[PDB]
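Take a look at this single chain, the form deposited in one PDB entry, given in structure tokens.
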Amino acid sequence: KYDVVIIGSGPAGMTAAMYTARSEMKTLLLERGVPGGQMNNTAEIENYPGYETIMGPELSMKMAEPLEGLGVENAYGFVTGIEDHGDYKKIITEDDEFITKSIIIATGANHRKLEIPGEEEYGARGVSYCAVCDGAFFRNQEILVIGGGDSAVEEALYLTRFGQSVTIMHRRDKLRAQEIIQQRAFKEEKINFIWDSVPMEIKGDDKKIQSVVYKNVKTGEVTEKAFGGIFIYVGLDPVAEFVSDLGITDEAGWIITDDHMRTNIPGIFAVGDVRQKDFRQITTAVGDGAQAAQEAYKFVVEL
């Protein structure tokens, strides 16, 4: 009944859907939340070719805008599973079932947790995984950011609009982030560093975070310091629960594809951050997306 169903309307899925529709495939794009995925949790995007800078949510809007006019069927759905029935597949949401000849999985990735005490307890209360969502709640605080990669360092620079200071805690003596972002963090006066450290505990009164305990990973020295907010940016986990049974994920849960975005399962493709890969960006999400769209077109042509 559908030629293609695409799960997830971040930039990879939205690009796929734009292509399947231009190919006049009967196209359903399922999204559990707001179109844009992670781009909506991004303050400022500087490295998407075509725009010198653009707010995450504006880029999200621009990419979603033409889909309806192309005849993409945009629907709300949280997908809970996928059943393969050889010459077709069933996708199960909370309420519905959807029959399709092919699937492009574009469900991305989610924040990795610290799994330390106080992290859950203070979830609503000074612990955040999204600077653009929560930063203004921490005006004039001492903010802590945990992590050393592009999200930690970039989101720390953003958080300097709000905090008295922002401190980046990284578990080595060298950041992983892009040099230009590093260099911008080195130079920014409101950014402090706690190198070679990991957090051990988040502590607070009954209402909110007050301090963090942390350990130096070369000496074992333990320190506790006061902070009003903690943003955690220590990497990503796949968002692929609905396919765990299917034999298409690696040991860590990422979807395995070949270079044409194909899983084991004919007619089931995956794109973007959810795939097992190293280089997660909007550019590679968009490319993966277009590639999947084309492979699905071909797959459906042969069916």
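Counting begins at 1, following the sequence as shown.
For the two regions 5 to 13 and 291 to 299, the entry's Cα B-factors average higher over 291 to 299. Per-stretch averaging of Cα B factors for 118 to 126 and 148 to 156 places 118 to 126 on top. Looking only at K113, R176, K90, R184, the residue with the top Cα B factor in the deposited structure is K90.
Ranking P199, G108, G204, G81 by Cα temperature factor from the entry places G204 first.
Among the modelled residues of its chain, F242 has a C-alpha B-factor that falls in the highest third according to the deposited record. For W254, the recorded CA B-factor ranks within the highest third of the chain. Only modelled residues enter the ranking. For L59, the recorded CA B-factor ranks within the middle third of the chain. Only modelled residues enter the ranking. Sort the chain's modelled residues by C-alpha temperature factor and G50 lands in the middle third, per the entry. Among the modelled residues of the chain, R275 sits in the lowest third by CA temperature factor in this PDB entry.
Only in words, not in the display: the form deposited in another entry, which the text now covers.
Figure legend: rigid-body motion between the shown form and the other one; of the candidates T219, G235, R125, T53, the hinge maps to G235. The gap between the Cα atoms of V127 and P57 is smaller in that other deposited form, by no less than 3 Å, than in this form. Figure legend: C-alpha atoms of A152 and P57, shown here, are separated by at least 3 angstroms more in that other deposited form.
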